[PDB]
């Protein structure tokens, strides 16, 4: 319940629907002009954001100290409107909760919310043939078209959905030090 009400408030304020040449994604703005997409969104020099073309000033494919994939891409957008600073909702390490929701905002899933239930720190995962770390896991049959969805519990933004088998979901932890 409370995690659901928090998600709807957060997605109305900070989320948008983004199209790259590789698909449609939920995008979460973090602070200033910095937002986060799953790495496989592979944004080019311009993206489509709320159906309007937006130039990309920089894109950082996040990787740990040994070069291990984190399945996160940080982009600075060439636009004047600043994002509401939600870095205080970002934890310093991988968050576990008992009740979380996954929130999605694309043409295929418009403002759709999801009772993932328990979220635990998974860690390493061979994700699509790519060794990846800092994964968060939930037991929900997550679908395609859902990557970029924002994993949240009440008062917390846990990470970004990046993959899943048939009956499991996996999020890349959205950590505070990623954005200074």
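Positions refer to the first chain, counted from 1.
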Using the B-factors recorded in the PDB entry, average over the C-alpha atoms of 67-75 and of 81-89, then report which stretch comes out higher. 81-89
Determine, for stretches 56-64 and 114-122, which one has the higher mean CA B-factor as deposited. 114-122
Please work out which residue in 156, 19, 12, 161 has the highest C-alpha B-factor recorded for this crystal structure. 12
Quick one: which of 141, 29, 148, 44 has the biggest Cα B-factor according to the entry? 141
Lowest, middle or highest third of the chain for the C-alpha temperature factor of residue 128? highest
Taking the C-alpha B-factors as the PDB entry records them, is residue 101 in the lowest, middle or highest third of its chain? highest
Could you tell me which third, lowest, middle or highest, the C-alpha B-factor of residue 23 occupies within its chain? lowest
